[PDB]
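Asker: experimental coordinates for this protein are included below, preceded by the sequence.
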Amino acid sequence: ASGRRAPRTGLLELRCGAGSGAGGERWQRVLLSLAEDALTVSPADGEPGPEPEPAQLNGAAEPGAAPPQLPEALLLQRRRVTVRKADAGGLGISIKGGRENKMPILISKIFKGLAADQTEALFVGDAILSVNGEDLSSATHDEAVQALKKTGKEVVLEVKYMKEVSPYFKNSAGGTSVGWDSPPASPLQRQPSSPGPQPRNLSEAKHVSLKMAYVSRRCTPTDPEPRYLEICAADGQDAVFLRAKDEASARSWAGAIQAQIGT
């Protein structure tokens, strides 16, 4: 099953037992799949599958010098360039750095059109740090040369596009909405309704419609920013609340559900 589009799936912290007693909480990891107008929850795995040692067996694409169709999502961060001598060719760039004080190593030039040239992945404006699978951030310029110079066959250089890493003046991160926590009227008697069909059980999957769903943000477990999200299905069908790994992960979660539902 694969039709271009794909629902955003991620792990979140969901509570258990604490529904209307408050006598023994329990937060566990749970996977959440948000497509568009529907969210399908499900448990996550634990044992590791794909090892970080293997690196394909040279194939996929015949031409070029790297398996095309490289998705971003969680890989769009920094850059993982490579230099294959037994495929692309030799390297000929002019770097410059000086960590002796506080000058990070970066691309100063790309002499001729060597492997460094054909490798668009790299360009005169990136700072190296993790090469051939080894962070040498604590290896001044000289060490940078020997790091990529000693390598061979496949030099996986991991650089970071440094530009506006240090913003100017305070004008981001931080805000006080205040006012979205005082409803005019909220029935607290005709909510439970008569006992009958109510999809509020946790078995294996928790599918909920994003038609009249609501997203909330409450803090408690030492959450002075991230906080846990709350998904109330029209406050009359279901209510799944969970917290992400980082504050941003929740910003994207609540931001994705809110931007999707738009109730």
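Answerer: Great, that's in hand. Residues are numbered from 1 along each chain as shown.

Asker: quick one: residue 143 from residue 129, how far?
Answerer: Applying C-beta to C-beta, to the nearest Å, the value for residue 143 to residue 129 is 11 Å. All C-beta spots, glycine's among them, are computed from the backbone N, C-alpha and C.

Asker: now swap in residue 76 and tell me
Answerer: Distance, residue 76 to residue 129, by C-beta to C-beta: 17 Å.

Asker: more neighbours: these two, which one.
Answerer: It is residue 129, of residue 76 and residue 129, that has more neighbours when counted by other C-beta atoms under 10 Å, with 20 against 9.

Asker: still on that earlier bit, what touches both of residue 143 and residue 129?
Answerer: residue 136 (C-beta atoms under 8 Å, 6 or more residues apart in numbering).

Asker: for the protein, just list every one of the strands.
Answerer: Counting by DSSP state E, the chain has strands at residues 8-15, 27-34, 38-42, 79-81, 95-98, 103-107, 127-131, 157-160, 206-209, 213-218, 228-233, 238-243.

Asker: for residue 182, which of these is the nearest?
Answerer: Of all those, strand 213-218 sits nearest to residue 182, with 13.5 Å by C-beta to C-beta.

Asker: how far is the closest one from where the chain is centred?
Answerer: Relative to its parent chain, strand 213-218 has a centroid offset of 21 Å by C-alpha atoms, centre = their mean, to the nearest Å.

Asker: can you pull the buried residues of it?
Answerer: Neighbour-count burial for strand 213-218 flags 213, 215, 217 (criterion: 16 or more other C-beta atoms under 10 Å).

Asker: stretch 16-32 too?
Answerer: Buried positions in stretch 16-32, judged by neighbour count with 16+ other C-beta under 10 Å: 30-32.

Asker: which other residues reach it?
Answerer: Outside stretch 16-32, the residues that reach it (C-beta under 8 Å, 6+ apart) are 9-15, 39, 41-44, 202, 221, 242-243, 253.

Asker: try 10 Å this time
Answerer: Outside stretch 16-32, the residues within contact range by C-beta atoms under 10 Å, 6 or more residues apart in numbering are 7-15, 39-46, 192, 200, 202, 205-206, 220-221, 228-229, 231, 239-240, 242-245, 253, 257.

Asker: could you turn the buried ones of those residues into a PyMOL selection?
Answerer: Typed into PyMOL, the line below selects the buried ones among these, using 16+ other C-beta under 10 Å:
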select buried, resi 8+10+11+12+13+14+15+39+41+206+228+229+231+239+240+242+243+244+253+257
